[PDB]
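Enquirer: File name work_25.cif; file contents mmCIF, C-alpha atoms (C1' of nucleotides); full text below.
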data_my_file
loop_
_atom_site.label_atom_id
_atom_site.label_comp_id
_atom_site.auth_asym_id
_atom_site.auth_seq_id
_atom_site.Cartn_x
_atom_site.Cartn_y
_atom_site.Cartn_z
CA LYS A 1 15.81 -15.84 35.83
CA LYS A 2 16.15 -15.06 32.12
CA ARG A 3 14.22 -12.13 30.65
CA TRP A 4 13.46 -11.37 27.04
CA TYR A 5 15.20 -8.96 24.69
CA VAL A 6 14.82 -7.74 21.11
CA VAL A 7 17.64 -8.02 18.55
CA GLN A 8 17.74 -6.30 15.16
CA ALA A 9 19.15 -8.22 12.20
CA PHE A 10 19.54 -7.48 8.52
CA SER A 11 15.95 -8.09 7.47
CA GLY A 12 15.90 -11.15 5.22
CA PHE A 13 18.82 -13.05 6.76
CA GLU A 14 16.91 -13.66 9.97
CA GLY A 15 16.94 -17.46 10.08
CA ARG A 16 20.66 -17.44 9.37
CA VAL A 17 21.12 -14.90 12.19
CA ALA A 18 19.20 -17.23 14.53
CA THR A 19 21.31 -20.24 13.52
CA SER A 20 24.58 -18.30 13.88
CA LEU A 21 23.40 -17.05 17.28
CA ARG A 22 22.73 -20.59 18.55
CA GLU A 23 26.13 -21.62 17.21
CA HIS A 24 27.96 -18.72 18.89
CA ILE A 25 26.26 -19.73 22.15
CA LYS A 26 27.51 -23.30 21.78
CA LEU A 27 30.97 -22.00 20.80
CA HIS A 28 31.61 -19.59 23.66
CA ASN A 29 29.72 -22.05 25.99
CA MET A 30 27.72 -19.52 27.99
CA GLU A 31 24.97 -22.11 27.89
CA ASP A 32 23.55 -21.00 31.25
CA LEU A 33 22.99 -17.46 29.87
CA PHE A 34 20.62 -18.15 26.95
CA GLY A 35 17.25 -19.86 26.90
CA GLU A 36 15.70 -19.75 23.43
CA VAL A 37 15.63 -17.82 20.19
CA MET A 38 12.28 -16.89 18.65
CA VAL A 39 11.38 -15.91 15.12
CA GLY A 40 13.30 -8.28 11.04
CA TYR A 41 13.47 -8.67 14.81
CA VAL A 42 14.81 -11.68 16.71
CA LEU A 43 13.55 -12.44 20.21
CA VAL A 44 16.15 -13.77 22.66
CA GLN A 45 15.66 -15.20 26.13
CA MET A 46 18.76 -13.95 27.89
CA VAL A 47 20.32 -12.35 30.93
CA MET A 48 22.35 -9.15 30.92
CA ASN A 49 26.06 -9.29 31.44
CA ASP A 50 28.34 -7.17 29.29
CA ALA A 51 30.04 -10.37 28.12
CA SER A 52 26.77 -11.77 26.77
CA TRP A 53 25.95 -8.36 25.27
CA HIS A 54 29.26 -8.36 23.38
CA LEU A 55 28.50 -11.96 22.39
CA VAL A 56 25.16 -11.11 20.78
CA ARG A 57 26.58 -8.05 19.04
CA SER A 58 29.57 -10.09 17.83
CA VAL A 59 27.18 -12.52 16.15
CA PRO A 60 27.42 -11.53 12.45
CA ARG A 61 24.70 -9.59 10.61
CA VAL A 62 23.31 -8.17 13.87
CA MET A 63 22.98 -4.42 14.30
CA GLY A 64 22.22 -4.19 18.01
CA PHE A 65 19.62 -4.28 20.71
CA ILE A 66 16.62 -1.96 20.73
CA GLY A 67 15.94 -0.29 24.03
CA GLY A 68 15.95 2.91 25.99
CA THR A 69 19.75 3.19 25.99
CA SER A 70 22.81 1.30 24.78
CA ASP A 71 24.38 1.01 28.24
CA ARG A 72 21.54 -1.01 29.79
CA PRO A 73 19.24 -2.14 26.96
CA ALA A 74 15.60 -2.79 27.65
CA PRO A 75 13.71 -6.06 28.18
CA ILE A 76 11.02 -6.35 25.40
CA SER A 77 8.04 -4.52 27.02
CA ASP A 78 5.47 -7.12 25.78
CA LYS A 79 2.91 -6.64 28.63
CA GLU A 80 0.54 -9.06 26.78
CA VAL A 81 3.08 -11.99 26.75
CA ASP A 82 0.28 -14.43 27.78
CA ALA A 83 -1.83 -13.06 24.87
CA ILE A 84 1.29 -13.44 22.59
CA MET A 85 1.31 -17.20 23.49
CA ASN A 86 -2.25 -17.53 22.02
CA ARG A 87 -1.26 -15.10 19.18
CA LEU A 88 1.59 -17.55 18.31
CA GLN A 89 0.30 -19.84 15.43
CA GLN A 90 -3.09 -17.96 15.40
CA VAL A 91 -1.27 -15.14 13.48
CA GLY A 92 -0.66 -17.64 10.62
CA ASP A 93 -4.29 -18.92 10.58
CA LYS A 94 -7.05 -17.59 8.23
CA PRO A 95 -10.87 -17.64 8.84
CA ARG A 96 -14.01 -18.05 6.62
CA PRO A 97 -17.19 -16.07 5.66
CA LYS A 98 -20.72 -17.12 6.79
CA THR A 99 -23.69 -15.57 4.85
CA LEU A 100 -26.53 -14.37 7.13
CA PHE A 101 -29.06 -17.03 5.96
CA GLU A 102 -32.17 -15.32 7.45
CA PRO A 103 -35.19 -13.59 5.79
CA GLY A 104 -34.38 -9.82 5.59
CA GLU A 105 -30.81 -10.13 6.85
CA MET A 106 -28.23 -8.28 4.75
CA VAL A 107 -25.26 -10.30 3.53
CA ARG A 108 -22.03 -9.62 1.68
CA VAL A 109 -20.78 -11.20 -1.59
CA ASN A 110 -17.08 -11.72 -2.12
CA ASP A 111 -17.04 -14.41 -4.85
CA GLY A 112 -18.02 -14.47 -8.59
CA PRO A 113 -19.10 -11.33 -10.56
CA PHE A 114 -21.31 -10.50 -7.56
CA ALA A 115 -18.22 -10.07 -5.36
CA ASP A 116 -17.91 -6.65 -3.67
CA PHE A 117 -21.67 -6.33 -3.49
CA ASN A 118 -24.17 -6.49 -0.61
CA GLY A 119 -27.78 -7.61 -0.53
CA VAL A 120 -30.43 -9.24 1.66
CA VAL A 121 -31.41 -12.93 1.93
CA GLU A 122 -35.09 -13.08 1.06
CA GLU A 123 -35.07 -16.90 1.31
CA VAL A 124 -32.67 -19.39 2.97
CA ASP A 125 -32.07 -23.11 2.31
CA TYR A 126 -30.10 -24.90 5.09
CA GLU A 127 -30.92 -28.30 3.54
CA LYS A 128 -29.54 -27.21 0.12
CA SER A 129 -26.88 -25.13 1.88
CA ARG A 130 -27.76 -22.08 -0.29
CA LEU A 131 -28.86 -18.52 0.57
CA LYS A 132 -31.32 -16.61 -1.66
CA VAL A 133 -29.96 -13.05 -1.74
CA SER A 134 -30.35 -10.43 -4.54
CA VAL A 135 -27.74 -7.82 -5.44
CA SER A 136 -28.61 -4.18 -6.35
CA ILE A 137 -26.97 -4.44 -9.86
CA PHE A 138 -27.84 -1.40 -12.13
CA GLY A 139 -30.68 -0.61 -9.69
CA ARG A 140 -32.80 -3.77 -10.21
CA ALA A 141 -32.28 -6.34 -7.35
CA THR A 142 -30.54 -9.44 -8.79
CA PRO A 143 -31.80 -12.38 -6.65
CA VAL A 144 -28.96 -14.90 -6.85
CA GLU A 145 -28.10 -18.02 -4.77
CA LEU A 146 -24.79 -17.81 -2.89
CA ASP A 147 -23.17 -20.29 -0.45
CA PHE A 148 -22.51 -19.31 3.22
CA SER A 149 -18.81 -19.10 2.51
CA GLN A 150 -19.49 -17.34 -0.86
CA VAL A 151 -21.07 -14.46 1.08
CA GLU A 152 -20.40 -12.93 4.55
CA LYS A 153 -22.97 -12.00 7.21
CA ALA A 154 -23.56 -8.23 7.36
CA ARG B 1 -29.19 -24.92 -14.44
CA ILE B 2 -28.56 -21.16 -14.23
CA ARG B 3 -31.74 -19.15 -14.76
CA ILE B 4 -32.20 -15.58 -16.04
CA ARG B 5 -35.87 -14.70 -15.61
CA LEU B 6 -37.11 -11.37 -16.92
CA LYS B 7 -40.34 -9.83 -15.66
CA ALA B 8 -42.19 -6.91 -17.25
CA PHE B 9 -45.47 -6.08 -18.98
CA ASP B 10 -45.17 -5.72 -22.73
CA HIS B 11 -43.63 -7.94 -25.39
CA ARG B 12 -42.83 -4.84 -27.47
CA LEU B 13 -40.08 -3.73 -25.10
CA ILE B 14 -38.80 -7.11 -23.84
CA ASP B 15 -38.13 -8.11 -27.47
CA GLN B 16 -34.94 -6.05 -27.58
CA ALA B 17 -34.13 -7.33 -24.09
CA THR B 18 -33.91 -10.96 -25.20
CA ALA B 19 -31.63 -9.85 -28.03
CA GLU B 20 -29.15 -7.94 -25.87
CA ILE B 21 -28.55 -10.71 -23.33
CA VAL B 22 -28.08 -13.73 -25.63
CA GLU B 23 -25.59 -11.94 -27.87
CA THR B 24 -23.52 -10.23 -25.20
CA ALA B 25 -23.34 -13.65 -23.54
CA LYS B 26 -22.22 -15.10 -26.88
CA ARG B 27 -19.22 -12.76 -27.13
CA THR B 28 -18.07 -13.69 -23.61
CA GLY B 29 -19.43 -17.10 -22.62
CA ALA B 30 -21.21 -18.50 -25.72
CA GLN B 31 -23.11 -20.95 -23.47
CA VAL B 32 -26.91 -20.56 -23.48
CA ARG B 33 -29.93 -22.81 -24.05
CA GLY B 34 -31.99 -20.10 -25.73
CA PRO B 35 -34.98 -18.04 -24.59
CA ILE B 36 -37.91 -20.20 -23.42
CA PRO B 37 -41.03 -18.03 -22.87
CA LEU B 38 -43.92 -18.15 -20.38
CA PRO B 39 -47.71 -17.77 -20.98
CA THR B 40 -48.85 -14.15 -21.26
CA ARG B 41 -50.45 -12.90 -18.07
CA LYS B 42 -53.63 -10.82 -17.90
CA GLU B 43 -55.06 -8.69 -15.07
CA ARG B 44 -58.46 -7.37 -16.19
CA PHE B 45 -60.56 -5.15 -13.94
CA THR B 46 -64.03 -3.73 -14.61
CA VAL B 47 -64.59 -0.47 -12.73
CA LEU B 48 -67.51 1.91 -12.21
CA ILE B 49 -67.09 5.34 -13.77
CA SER B 50 -70.26 7.35 -12.93
CA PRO B 51 -69.58 9.40 -9.77
CA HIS B 52 -72.55 8.51 -7.62
CA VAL B 53 -75.04 6.34 -9.60
CA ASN B 54 -75.75 3.98 -12.42
CA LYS B 55 -74.33 0.46 -12.05
CA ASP B 56 -73.93 0.03 -15.82
CA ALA B 57 -70.78 2.02 -16.73
CA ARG B 58 -68.07 -0.60 -16.36
CA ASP B 59 -65.01 0.02 -18.54
CA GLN B 60 -62.50 -2.80 -18.92
CA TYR B 61 -58.84 -1.95 -18.35
CA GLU B 62 -55.99 -4.39 -17.87
CA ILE B 63 -52.45 -4.24 -16.54
CA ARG B 64 -50.87 -6.78 -18.88
CA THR B 65 -47.95 -8.99 -17.78
CA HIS B 66 -45.26 -10.98 -19.64
CA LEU B 67 -42.38 -13.21 -18.51
CA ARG B 68 -39.40 -14.50 -20.50
CA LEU B 69 -36.68 -16.87 -19.27
CA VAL B 70 -33.20 -16.98 -20.78
CA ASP B 71 -31.60 -20.01 -19.04
CA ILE B 72 -27.86 -19.97 -19.85
CA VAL B 73 -26.65 -23.57 -19.79
CA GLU B 74 -23.31 -23.40 -17.98
CA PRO B 75 -22.30 -21.24 -14.91
CA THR B 76 -19.83 -19.11 -16.95
CA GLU B 77 -17.33 -16.85 -15.08
CA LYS B 78 -17.42 -14.46 -18.11
CA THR B 79 -21.13 -14.20 -19.08
CA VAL B 80 -22.10 -13.18 -15.49
CA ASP B 81 -18.84 -11.12 -15.20
CA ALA B 82 -19.59 -8.88 -18.24
CA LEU B 83 -23.41 -8.83 -17.71
CA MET B 84 -23.52 -8.26 -13.89
CA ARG B 85 -24.45 -4.54 -13.46
CA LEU B 86 -25.67 -4.43 -17.11
CA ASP B 87 -29.28 -4.61 -18.46
CA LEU B 88 -30.46 -2.65 -21.57
CA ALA B 89 -34.22 -3.01 -20.78
CA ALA B 90 -35.25 0.03 -18.65
CA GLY B 91 -38.12 -0.06 -16.09
CA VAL B 92 -37.69 -3.87 -15.92
CA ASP B 93 -37.31 -6.48 -13.13
CA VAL B 94 -34.32 -8.82 -13.82
CA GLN B 95 -34.02 -12.08 -11.79
CA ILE B 96 -30.51 -13.61 -12.32
CA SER B 97 -31.10 -16.83 -10.28
CA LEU B 98 -27.55 -18.30 -10.01
CA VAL C 1 11.72 6.47 -18.36
CA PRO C 2 13.88 3.40 -19.35
CA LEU C 3 17.34 3.50 -21.03
CA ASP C 4 18.51 2.00 -24.38
CA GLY C 5 18.52 -1.62 -23.04
CA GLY C 6 15.02 -1.47 -21.47
CA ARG C 7 15.66 -1.63 -17.68
CA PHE C 8 13.89 1.36 -16.13
CA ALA C 9 16.35 3.96 -14.87
CA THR C 10 14.33 5.05 -11.84
CA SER C 11 14.59 8.43 -10.16
CA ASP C 12 15.73 9.00 -6.61
CA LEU C 13 12.44 10.43 -5.39
CA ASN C 14 10.72 7.17 -6.23
CA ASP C 15 13.14 5.43 -3.86
CA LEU C 16 12.37 8.00 -1.17
CA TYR C 17 8.57 7.83 -1.54
CA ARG C 18 8.61 4.05 -1.83
CA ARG C 19 10.65 3.82 1.40
CA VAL C 20 8.23 6.14 3.27
CA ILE C 21 5.24 4.14 2.07
CA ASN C 22 6.85 0.77 2.94
CA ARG C 23 7.58 2.01 6.45
CA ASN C 24 4.15 3.59 6.88
CA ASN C 25 2.45 0.34 5.90
CA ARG C 26 4.64 -1.51 8.41
CA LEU C 27 3.75 0.97 11.13
CA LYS C 28 0.02 0.68 10.45
CA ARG C 29 0.29 -3.10 10.63
CA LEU C 30 2.20 -2.97 13.93
CA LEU C 31 -0.34 -0.62 15.45
CA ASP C 32 -2.97 -3.12 14.29
CA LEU C 33 -1.14 -6.02 15.95
CA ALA C 34 -0.36 -4.17 19.23
CA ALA C 35 3.38 -4.69 19.17
CA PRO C 36 5.26 -3.65 22.35
CA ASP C 37 6.71 -0.23 23.04
CA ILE C 38 10.27 -0.60 21.74
CA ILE C 39 9.13 -2.08 18.42
CA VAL C 40 6.79 0.79 17.61
CA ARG C 41 9.35 3.31 18.85
CA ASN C 42 11.88 1.94 16.38
CA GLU C 43 9.18 1.80 13.73
CA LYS C 44 8.09 5.41 14.20
CA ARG C 45 11.74 6.46 14.43
CA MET C 46 12.50 4.79 11.12
CA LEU C 47 9.48 6.58 9.65
CA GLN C 48 10.71 9.89 11.06
CA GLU C 49 14.13 9.37 9.54
CA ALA C 50 12.55 8.24 6.25
"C1'" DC D 1 26.46 37.67 32.76
"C1'" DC D 2 31.01 39.12 29.51
"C1'" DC D 3 34.32 37.68 26.67
"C1'" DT D 4 36.61 32.94 24.58
"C1'" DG D 5 36.79 28.71 22.30
"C1'" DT D 6 34.47 25.09 19.53
"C1'" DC D 7 31.26 23.06 16.29
"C1'" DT D 8 28.55 22.93 12.22
"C1'" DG D 9 26.96 25.02 7.99
"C1'" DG D 10 27.38 27.53 3.48
"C1'" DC D 11 29.90 28.68 -0.55
"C1'" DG D 12 33.21 28.66 -4.27
"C1'" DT D 13 32.84 31.06 -13.35
"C1'" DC D 14 30.16 30.12 -18.08
"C1'" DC D 15 29.05 27.77 -22.70
"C1'" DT D 16 30.29 23.18 -25.47
"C1'" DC D 17 32.09 18.23 -27.28
"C1'" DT D 18 32.84 13.03 -26.80
"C1'" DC D 19 33.32 8.66 -23.83
"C1'" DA D 20 31.82 4.80 -20.09
"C1'" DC D 21 28.21 2.86 -17.03
"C1'" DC D 22 24.28 2.68 -14.22
"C1'" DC D 23 21.88 -3.14 -7.10
"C1'" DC D 24 23.41 -7.97 -5.65
"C1'" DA D 25 21.33 -12.34 -5.15
"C1'" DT D 26 19.23 -16.31 -4.29
"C1'" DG D 27 16.66 -19.92 -1.20
"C1'" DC E 1 12.07 -13.16 -8.07
"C1'" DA E 2 11.81 -9.04 -5.66
"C1'" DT E 3 13.39 -6.67 -1.88
"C1'" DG E 4 16.53 -4.71 1.43
"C1'" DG E 5 20.25 -2.24 3.47
"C1'" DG E 6 37.65 7.95 4.39
"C1'" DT E 7 41.59 9.94 6.64
"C1'" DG E 8 45.09 16.31 1.17
"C1'" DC E 9 40.15 22.87 1.41
"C1'" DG E 10 39.84 27.12 3.37
"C1'" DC E 11 37.48 31.47 5.00
"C1'" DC E 12 33.30 33.52 7.22
"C1'" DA E 13 29.99 33.50 10.45
"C1'" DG E 14 26.85 32.84 13.79
"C1'" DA E 15 25.04 29.60 17.31
"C1'" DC E 16 26.37 26.82 21.17
"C1'" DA E 17 28.93 26.01 25.26
"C1'" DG E 18 32.90 27.27 28.33
"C1'" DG E 19 35.13 29.35 31.07
"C1'" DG E 20 36.31 33.85 33.30
#
Before anything else, please render the file you have as structure tokens.
Expert:
Amino acid sequence: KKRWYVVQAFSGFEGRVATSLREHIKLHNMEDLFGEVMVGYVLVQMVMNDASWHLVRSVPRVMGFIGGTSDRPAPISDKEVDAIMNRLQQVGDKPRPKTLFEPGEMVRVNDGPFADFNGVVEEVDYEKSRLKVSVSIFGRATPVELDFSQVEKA
Amino acid sequence: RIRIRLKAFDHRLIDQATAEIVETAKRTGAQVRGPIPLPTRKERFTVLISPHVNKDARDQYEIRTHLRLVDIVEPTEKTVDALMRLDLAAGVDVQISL
Amino acid sequence: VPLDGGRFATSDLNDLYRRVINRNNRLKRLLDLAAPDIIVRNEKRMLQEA
DNA sequence: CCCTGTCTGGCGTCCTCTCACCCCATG
DNA sequence: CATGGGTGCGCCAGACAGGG
């Protein structure tokens, strides 16, 4: 059974640290003692012998493990590892705004000169895909038409 | 296609309002079809003035109404930008239908 | 202030404050993301030393 | 607890006059 | 382009262990 550990590298050379780590594994052929390498911190599926510990710290541009102590360093305490599987890829995924297209519902504007302003949708047009919301500009409400993505639901 | 409707009562105060919004749009966007007006709107009401008698004293008052439409031609990201939270006419209802 | 050439000769306190703010932004983002214990211990320790 | 050895900190003159040189490095 | 991590001083003195 191989448990996870956290490695610190010089932040910026991290892919080169990962490649050099895979290559040191396939040099010193402790192939049964390493599972993966995930990407300033590098995640390593590993077991703990002092030989493999010296191996990972003899990989260049690696400072050391991060744990409770340096004698017996600590398996990454990611209790939500199942949630980290769903977090993988979702971290690098953006969303989209959806204006509250309903009479009297407040919305938010984040596009055009009306960006950074809130207002209410007095009228909605699903067929024309347009929301009728006015913005409190200099006091007077400024009824303007904004798309669902142009404004966010408040 | 972009409409700037302006809604008030008198033509003697909206007349400086149609001057401030075509020229400040000219310095930034310079894209406007010109002010196209609307028929003047009248709300006349005859009301009794004697306190308890005499259905003859009916004095005519009116809350007058006027509407003027600017209609910039192109959705400019400079006309709206500079004239967003900006309107010289005070006590007025601006309707920037974008 | 810059020197004769034009490159800005920056003071040392700007390096110190810029380090503390870089680390503090990283620590706020990790407490947003719910990183595990050893990551935020190293992050808060680097902020303490900064 | 009463003395003994160690471990770190705090400090060391004042004015001037030139010069030279101030972060790589790189996918 | 922008960010990211030596081995030659000597005395005083008090705090921290270390026996004693």
Enquirer: Any chance you could work out the residue set of the PyMOL selection byres ((chain A) within 12 of (chain D)) here, as a list in words?
Expert: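 Output of the PyMOL selection byres ((chain A) within 12 of (chain D)): residues 12, 13, 15 and 16 of chain A.
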Enquirer: Measure the distance from atom CA of residue C:37 to atom CA of residue C:15 in Å and round it to one decimal.
Expert: 28.2 Å
Enquirer: Near stretch 56-70 of chain A, counting all atoms listed in the file, which residues have an atom at most 10 Å away, once you skip same-chain residues fewer than 4 positions from it, shown as a PyMOL selection string?
Expert: (chain A and resi 5-11+13-14+16-18+20-25+41-42+44+46+50-52+74-77) or (chain C and resi 37-39+41-42)
Enquirer: Since I can't run it myself right now, could you work out what the PyMOL selection byres ((chain E) within 12 of (chain C)) selects here and report it as a CSV table (one decimal) with C-alpha atoms (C1' of nucleotides), in the coordinates of the input?
Expert:
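What follows is the written file selection_13.csv:
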chain,number,residue,atom,x,y,z
E,3,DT,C1',13.4,-6.7,-1.9
E,4,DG,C1',16.5,-4.7,1.4
E,5,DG,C1',20.2,-2.2,3.5
Enquirer: If we count only C-alpha atoms (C1' of nucleotides), which residues of chain C reach to within 12 Å of chain D? Please list them as a list in words.
Expert: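 Applying the cut-off to the listed atoms yields residues 2, 3, 4, 5, 7, 8, 9, 10 and 11 of chain C.
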Enquirer: Calculate how many Å separate atom CA of residue B:77 from atom CA of residue A:109, rounding to one decimal.
Expert: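 Spanning atom CA of residue B:77 to atom CA of residue A:109 is a straight-line distance of 15.0 Å.
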Enquirer: Please write N, CA, C and O atoms (P, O5', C5', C4', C3', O3' and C1' of nucleotides) of chain E, from the structure given just now, as a compact mmCIF listing (two decimals), in the first residue's frame.
Expert:
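Output contents, as saved in selection.txt:
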# COMPACT_ATOMS: atom_id res chain seq x y z
P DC E 1 6.36 42.66 -22.24
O5' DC E 1 5.62 41.71 -21.20
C5' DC E 1 5.84 40.28 -21.21
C4' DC E 1 6.01 39.75 -19.81
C3' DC E 1 6.63 40.73 -18.81
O3' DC E 1 6.18 40.44 -17.49
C1' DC E 1 8.12 38.92 -19.17
P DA E 2 5.04 41.34 -16.82
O5' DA E 2 4.50 40.43 -15.63
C5' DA E 2 4.59 38.99 -15.69
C4' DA E 2 5.57 38.46 -14.66
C3' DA E 2 5.76 39.33 -13.41
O3' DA E 2 5.88 38.49 -12.27
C1' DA E 2 7.84 38.92 -14.39
P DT E 3 4.96 38.75 -10.99
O5' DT E 3 4.93 37.32 -10.27
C5' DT E 3 5.25 36.11 -11.00
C4' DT E 3 6.57 35.54 -10.54
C3' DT E 3 6.94 35.82 -9.08
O3' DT E 3 7.42 34.63 -8.46
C1' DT E 3 8.73 36.41 -10.48
P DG E 4 6.53 33.89 -7.35
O5' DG E 4 7.27 32.49 -7.16
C5' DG E 4 8.23 32.01 -8.13
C4' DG E 4 9.62 31.94 -7.53
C3' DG E 4 9.69 32.18 -6.02
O3' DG E 4 10.46 31.21 -5.26
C1' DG E 4 11.16 33.65 -7.15
P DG E 5 10.11 30.89 -3.68
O5' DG E 5 11.54 30.70 -2.99
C5' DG E 5 12.28 29.52 -3.21
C4' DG E 5 13.68 29.85 -3.69
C3' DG E 5 14.70 30.12 -2.59
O3' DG E 5 15.95 29.56 -2.95
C1' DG E 5 14.55 32.00 -4.01
P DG E 6 31.00 32.14 0.70
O5' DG E 6 31.47 32.08 2.22
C5' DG E 6 31.47 33.26 3.02
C4' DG E 6 32.01 32.98 4.42
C3' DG E 6 33.52 32.77 4.50
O3' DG E 6 34.03 33.38 5.68
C1' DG E 6 32.41 30.86 5.32
P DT E 7 35.61 33.44 5.96
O5' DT E 7 35.86 32.20 6.94
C5' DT E 7 35.30 32.21 8.24
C4' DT E 7 35.59 30.92 8.97
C3' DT E 7 37.07 30.56 9.10
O3' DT E 7 37.35 30.15 10.43
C1' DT E 7 35.88 28.76 8.16
P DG E 8 37.83 31.23 11.51
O5' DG E 8 38.70 32.25 10.67
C5' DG E 8 38.38 33.63 10.67
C4' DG E 8 39.48 34.43 11.34
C3' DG E 8 39.29 35.94 11.32
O3' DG E 8 38.82 36.37 12.57
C1' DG E 8 41.56 35.25 11.03
P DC E 9 37.60 37.40 12.67
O5' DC E 9 38.09 38.43 13.78
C5' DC E 9 39.44 38.41 14.19
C4' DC E 9 39.60 38.99 15.58
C3' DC E 9 39.44 38.00 16.72
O3' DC E 9 40.19 38.45 17.81
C1' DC E 9 37.74 39.58 16.87
P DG E 10 40.81 37.44 18.93
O5' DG E 10 41.05 38.38 20.20
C5' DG E 10 40.76 39.79 20.15
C4' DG E 10 39.84 40.22 21.27
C3' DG E 10 39.53 39.17 22.34
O3' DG E 10 39.43 39.80 23.63
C1' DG E 10 37.56 40.03 21.53
P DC E 11 39.72 39.02 25.06
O5' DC E 11 38.93 39.88 26.14
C5' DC E 11 39.01 41.29 26.09
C4' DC E 11 37.73 41.92 26.61
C3' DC E 11 37.13 41.25 27.83
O3' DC E 11 36.73 42.25 28.76
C1' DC E 11 35.51 41.40 26.12
P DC E 12 36.38 41.89 30.28
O5' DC E 12 34.89 42.43 30.44
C5' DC E 12 34.25 43.02 29.31
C4' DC E 12 32.82 43.36 29.61
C3' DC E 12 32.27 42.75 30.87
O3' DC E 12 31.20 43.54 31.31
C1' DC E 12 31.25 41.75 29.00
P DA E 13 30.63 43.40 32.80
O5' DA E 13 29.09 43.12 32.55
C5' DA E 13 28.57 43.14 31.22
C4' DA E 13 27.34 42.28 31.12
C3' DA E 13 27.05 41.47 32.37
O3' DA E 13 25.67 41.38 32.56
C1' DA E 13 27.25 40.02 30.57
P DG E 14 25.03 41.59 34.01
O5' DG E 14 23.59 40.92 33.85
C5' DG E 14 22.83 41.20 32.69
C4' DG E 14 22.35 39.93 32.01
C3' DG E 14 21.70 38.89 32.94
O3' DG E 14 20.58 38.36 32.28
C1' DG E 14 23.30 37.87 31.63
P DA E 15 19.22 38.07 33.07
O5' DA E 15 18.59 36.85 32.26
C5' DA E 15 18.43 36.95 30.86
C4' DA E 15 18.60 35.61 30.16
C3' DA E 15 17.92 34.42 30.84
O3' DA E 15 17.34 33.60 29.84
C1' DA E 15 20.19 33.95 30.54
P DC E 16 16.24 32.49 30.22
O5' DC E 16 16.95 31.11 29.84
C5' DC E 16 17.51 30.95 28.53
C4' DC E 16 18.46 29.77 28.47
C3' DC E 16 17.97 28.48 29.12
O3' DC E 16 18.34 27.39 28.30
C1' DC E 16 20.06 29.04 30.00
P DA E 17 17.49 25.99 28.26
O5' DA E 17 17.90 25.27 29.63
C5' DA E 17 18.35 23.90 29.67
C4' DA E 17 19.86 23.81 29.62
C3' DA E 17 20.45 22.58 30.31
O3' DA E 17 21.63 22.17 29.61
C1' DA E 17 21.34 24.50 31.30
P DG E 18 22.11 20.60 29.47
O5' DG E 18 23.68 20.60 29.71
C5' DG E 18 24.33 21.70 30.40
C4' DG E 18 25.07 21.22 31.63
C3' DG E 18 24.66 19.83 32.13
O3' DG E 18 25.84 19.08 32.46
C1' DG E 18 24.52 21.36 33.89
P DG E 19 25.81 17.48 32.42
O5' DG E 19 25.56 17.10 33.95
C5' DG E 19 26.66 16.80 34.84
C4' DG E 19 27.26 18.06 35.43
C3' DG E 19 27.95 17.85 36.77
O3' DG E 19 29.00 18.81 36.93
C1' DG E 19 26.25 19.39 37.05
P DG E 20 30.35 18.42 37.70
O5' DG E 20 30.49 19.54 38.82
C5' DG E 20 29.35 20.28 39.32
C4' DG E 20 29.25 20.17 40.83
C3' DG E 20 29.68 18.82 41.41
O3' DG E 20 30.42 19.02 42.62
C1' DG E 20 27.46 19.29 42.06
